[PDB]
């Protein structure tokens, strides 16, 4: 475990003496969309139908708005606190640039996010900008998500598939999904109707999991890798887009090939820890 113990306070939990845990590294490495740094330095986010605020003080991490039970059942897992990242970084250090990368983004951790929210969020992310992704997620949540209140302000949890199933393609378009509206509608309907089972897909091995995920409309290799890495703990994932291809041709002398071949190249290159390798590497780049 990458922490020593926790102490429950009035309206928060303090995780004492955490290791390999830095807020900016975790929340700003591109793996999540509903978190953002506040003027005071704390991060605030919405996950598992809850508004949470996180602050690091010295060697400790304060998680506001949760108690000990919630930390044990939800948040300790969310932050992947039982995984030894010192060991992950040691293994990746067998590559000179990764070593340089893990030293820079030493506090990176891969969050264990909700499969459903991640599925929709990354379909929305395809060839999109972060501000637009957040906007779409926010619009969808405000329209059908559970209303939450924190410190006097209103927030909206991500909607259940039950609520989203009532959305028409046009509704998604109006929430600003653009050409992705059709992908979202189709995908929400398959989840609702049980045509594809996320829990079942998550129980498959990395490669088989990846293939099932690609059956979703709006989900290609890239999006499938993000989904299984960030919500299914399939660590051999290696999300590849145009930028990644350029980075790999430049840094690892990868040939000018298809993104599919760049993915194979990278996974062969970094092995079973490809998911971690690329998060560190591209955070440093």
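Positions refer to the first chain, counted from 1.
- Stretches 219-227 and 240-248 differ in mean CA B factor, with 240-248 having the higher one.
- Between 35-43 and 230-238, the higher mean Cα B-factor belongs to 35-43.
- When the C-alpha B factors of 183, 104, 200, 75 are read from the deposited coordinates, the top value falls at 104.
- Ranking 151, 112, 214, 134 by the C-alpha B-factor listed in the PDB entry places 151 at the top.
- Remark: residue 52 belongs to the middle third of its chain, ranked by C-alpha B-factor as recorded.
- Among all modelled residues in its chain, residue 176 ranks in the highest third by Cα B-factor.
- Placement of the Cα temperature factor of residue 284 within the chain: highest third of the modelled residues, per the deposited record.
- When the CA B factors of the chain's modelled residues are split into thirds, the value for residue 10 lands in the highest one.
- Compared with the other modelled residues of the chain, the Cα B-factor recorded for residue 16 ranks in the lowest third.
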